[PDB]
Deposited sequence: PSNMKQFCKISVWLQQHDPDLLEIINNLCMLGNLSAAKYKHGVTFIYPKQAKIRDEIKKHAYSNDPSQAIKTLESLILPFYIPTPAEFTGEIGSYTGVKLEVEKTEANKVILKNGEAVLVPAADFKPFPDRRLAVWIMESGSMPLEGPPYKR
């Protein structure tokens, strides 16, 4: 069990090996590899099992877009960086509803995001992991200029 992380997959392996297995079996591990990378871990098991349900269905389309909505190609370590033209691999721009010192609430789903207390990246490696305690990440909306 690692305490520092050179890649997000090592963190996800210690928390949810099943979800990491789905990311690999969907050919999406490259989206998790660092432009920075910020992963949104859905804490609620109902969300993750809905991902597993769709991923192991005859059409994993919804599991793909949902996992795309949880992976941002940007390095966002603190609430201060949750600003500007940023978003997930779906392309939908994220809009902040409320900001705090260690918490962020987004619009278009009301997703409450708190930085992972145990995730800490290697020196100068631009990786970040947030915990989605409630709500859902946006799926459709205005795009961010990439």
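Which bits of the deposited sequence have no atoms placed for their C-alpha? Residues lacking C-alpha coordinates: 1-2, 37-40.
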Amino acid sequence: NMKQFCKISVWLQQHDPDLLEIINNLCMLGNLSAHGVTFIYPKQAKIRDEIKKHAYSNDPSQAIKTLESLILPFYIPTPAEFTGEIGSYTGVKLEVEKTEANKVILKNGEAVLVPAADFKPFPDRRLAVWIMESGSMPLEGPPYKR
From here on, numbers count along this sequence of modelled residues.
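56-64 set against 77-85, stretch whose average Cα temperature factor tops the other in the entry: Per the PDB record, 77-85.
Of 95-103 and 24-32, which one has the bigger average CA B-factor? Higher of the two, by average CA B-factor, is 95-103.
Thinking about Cα B factors across the chain, which third does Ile8 belong to? Tercile = lowest for this residue's CA B-factor.
Splitting the chain's C-alpha B-factors into thirds, which one does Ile47 fall into? Its C-alpha B-factor belongs to the highest third of this chain's values.
What third of its chain's C-alpha B-factors does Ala117 belong to: lowest, middle or highest? CA B-factor rank for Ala117: highest third.
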